[PDB]
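What follows is one chain in structure tokens, specifically the form deposited in one PDB entry.
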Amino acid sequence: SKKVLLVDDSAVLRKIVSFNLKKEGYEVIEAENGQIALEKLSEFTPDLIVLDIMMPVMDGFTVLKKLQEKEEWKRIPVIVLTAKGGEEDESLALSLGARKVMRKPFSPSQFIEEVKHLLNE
């Protein structure tokens, strides 16, 4: 029922996050880069976006930026899931509109708890 846009350039990462997401009964739409992610937003409006930062073509910081510039997009909660471990990376992502930043490597169980918290309420 709940629809999640999963944005990451690693097929290996998408597969494990998608598996843990589908364990909760969520629908999953994948995007290999930030540009593809934005093209997919014309088909549907997800309940949650899970967003990588480092991607070719278009990175996740500019995805977050363009999400604030649209009216329907700006309210969609976003969890940044990223190998970028700096406090300044987190701060940039939060001020760009992200609700939560989680570092890789990550606990799948913690990630799912946080996915739930943004979806429920």
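Take the two forms, superpose them, and find the largest set of C-alpha atoms that agree within 1.5 Å; that set is the rigid core. A residue's number is simply how far along the shown sequence it sits, counting from 1.
This next part talks about the form deposited in another entry, which is not shown.
- With the core fitted between this form and the one not shown, just one of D89, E27, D47, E32 shows a Cα displacement of at least 2 Å, namely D89.
- With the core held fixed, the Cα of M58 is displaced between this form and the one not shown by 2 Å or more.
- In the other entry, the Cα atoms of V57 and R99 sit 3 Å or more nearer to each other than they do here.
- A shift of at least 3 angstroms brings the Cα atoms of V57 and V50 nearer to each other in the other entry than in the displayed structure.
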